[PDB]
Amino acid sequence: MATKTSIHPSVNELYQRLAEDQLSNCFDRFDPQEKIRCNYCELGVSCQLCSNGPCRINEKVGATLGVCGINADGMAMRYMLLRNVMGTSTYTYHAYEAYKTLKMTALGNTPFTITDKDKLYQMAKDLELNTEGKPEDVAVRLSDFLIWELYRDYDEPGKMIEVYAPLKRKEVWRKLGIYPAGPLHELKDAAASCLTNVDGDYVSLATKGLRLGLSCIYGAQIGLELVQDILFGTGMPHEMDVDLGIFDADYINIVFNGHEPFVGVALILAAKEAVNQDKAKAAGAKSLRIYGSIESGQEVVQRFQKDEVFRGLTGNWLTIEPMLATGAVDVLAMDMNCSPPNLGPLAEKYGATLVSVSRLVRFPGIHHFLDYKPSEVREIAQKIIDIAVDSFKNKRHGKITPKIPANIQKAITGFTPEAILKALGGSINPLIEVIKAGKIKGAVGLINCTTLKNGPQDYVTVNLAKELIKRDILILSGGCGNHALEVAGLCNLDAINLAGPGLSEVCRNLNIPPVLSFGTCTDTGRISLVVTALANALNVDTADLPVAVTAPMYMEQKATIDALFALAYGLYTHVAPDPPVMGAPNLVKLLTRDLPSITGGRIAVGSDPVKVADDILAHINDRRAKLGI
């Protein structure tokens, strides 16, 4: 088959239905694009930023510079920076909504509550906030402080970066001048820098990308994930069902899909009400069930158990079109990316109702717009259930043939820094000891999307993960790439049998899988808390540790902002497919060869899972040698 589909049998089966039904889909749409690809854009040496364009760099024809005078290196890095403004904006958007949700929850106006009060008070103490009064007071103070971190300008020092970053990184960041403003000012400054005839210096633009990455993790991601733990609990390991076989066509099936989990949690709470289960049964369904999709789904499976109501996680963004082709979905409730913009015709064919629950998400053919507001989420969840009941009765039941694949996989979800510490007996020391002894050679943060650019859905990701664990490298996974490993079976105890001799021994002793599900790409900051704890306990810099990062099927700039963060944080950072930079030779040299002498990190490239794994292991072994282990 010359069309890239998927490594997953469930997805390939449902692709067959999309193709038989003659519906457009991402897999088929790749092929016409292959007829007319632009290699200037592939290489990052085109520009569309002003009316003297569109420009291309081609020295052979005399087009050495753009009309404005920018060279290839500035051109490529500037467009990378501009796109990374989008990535940072999404994390900043989510953080602000989390903080407003916490405040409105403390004031009594949401269906949520303050669940992890211990985390609330410890965070407040770490940040030197006033902890007098009641938990609701402390929660308002924390929300206002974390909003201040979003809003702080380039000249007001941050506190999150001081609390949560490792000691030896701080001196590097000071030396390089990359301590950022709050993410709102940083992303505005980055966008302004990208306007024509402003910043045309590839080194400066790269520096601004590193700053933007730091602003995203310390100024948005860590705060938002800890606030979500305060609201919904801190994840601990538990068994979850994943893949598209979790659907049963005789129930009313509501799927929540995006990155922000607030609507999903409100849906689970509303679906547990007897009145709503009775509604479903009166409509001819066995009962009402809620399912998670993509990153919003992953946020929930990190913190919530499967039960008779909440059924598990469907898969990553390339599973959404196949999921509709099951003919089992009643409402797909969409809160952020990825909500692909041609779902309308598929929802129509398969008898599903599309509901946007964010002012960000719009595309042709959406049935309902219920933009999120914390004080409205209770009513939003109820209206979604009402829509789903009507949709089941009048659109799907008795009209649509279901075609649900048989595949269901088990994954242990809910790893957090706290869960790792508990699994090790309350101290990081046993992990240090198994690393020093060579049982685990090192650890990889797999923080990733999925894409079709460099293979069938999830091919590189799953095979790279298999190659890493065979080499006794423990994986901490987040993002659509985490969903892939869960569906592939790498996140359960059976997967110990795929690990090498040292890692399989540790996994059996600790009773954990060789791939630890840490959640979403938004959990890059949270994974950094584990690496920071390692660095601080060893009194070594992050750039000295036997670790690496990989985003091996990256798609969008949530992944690349996390990669820029990883570079600033001093790490070997593998990215595939190539970012659009390879036509800019001095930028390539900076990112791949010179950064180890600047931040400590570097970009690595390639899509062959075996070579990528070998190169990661070589870097880990080089770090090990310098540590004497």
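Residue indices: 1-based, along the sequence shown.
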query: 108-116 set against 196-204, stretch whose average Cα temperature factor tops the other in the entry; finding: 108-116
query: Mean temperature factor over C-alpha atoms, higher-scoring stretch between 392-400 and 518-526; finding: 392-400
query: Maximum C-alpha temperature factor, selected from 277, 557, 550, 215; finding: 277
query: Residue selected from 433, 97, 458, 171 by maximal Cα B factor; finding: 433
query: Among modelled residues of the same chain, the CA temperature factor third for residue 153; finding: highest
query: Ranked against its chain, the third holding the CA B-factor of residue 225; finding: lowest
query: Record-listed C-alpha B factor of residue 163: chain third; finding: middle
query: Position of residue 475 among the chain's modelled residues by C-alpha B-factor, lowest, middle or highest third; finding: lowest
query: Chain-relative CA temperature factor third for residue 258; finding: middle
